[PDB]
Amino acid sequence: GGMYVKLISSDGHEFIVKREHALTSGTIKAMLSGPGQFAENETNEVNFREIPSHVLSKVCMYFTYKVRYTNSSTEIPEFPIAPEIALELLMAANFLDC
């Protein structure tokens, strides 16, 4: 836990997620001001003009899943994706580099 960051969808939903989990996304990692970048002038918030909340919520679930199950010996469940969101989720994942 500890440090959290805020990710805002195109329709204005605010998702507050653990910084460590958000770093799963290379794009978010590149837009946050962590230790290397500028820790004094903190950047803890990212706005996504083209990802809606029904997609960005699923992205955040993927962050949780990735951190929980990477380098785990315990049996791994499938990450589920409803057909009607897959295209947008593909675009978001591509844009977010995760």
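Here, rigid core means the biggest group of C-alpha atoms that superpose within 1.5 Å across both forms. Start at 1 with the first residue shown and count on from there.
Student: Looking at C-alpha RMS in 7 other deposited structures of this protein with the core superposed, is it 50-58 or 23-31 that drifts more?
Tutor: Per-stretch check in 7 other deposited structures of this protein: the more divergent one is 23-31.
Student: Please check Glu42 against the other PDB entries of this protein that were compared: is it missing in at least a third of those that model both its neighbours?
Tutor: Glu42: unmodelled in at least a third of the other compared entries.
Student: Going by the B-factors listed in the PDB entry, is the mean over the C-alpha atoms higher for 72-80 or for 11-19?
Tutor: Comparing averages over the C-alpha atoms only gives 72-80.
Student: Identify the stretch, either 59-67 or 43-51, whose C-alpha atoms have the larger mean B-factor according to the entry.
Tutor: The recorded data point to 43-51.
Student: Of the three thirds of its chain by CA temperature factor, lowest, middle or highest, which one includes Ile28?
Tutor: According to the entry, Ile28 has a C-alpha B-factor in the chain's lowest third.
Student: Going by the recorded CA B-factors, say which third of the chain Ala92 sits in, lowest, middle or highest.
Tutor: It falls in the bottom third of the chain.
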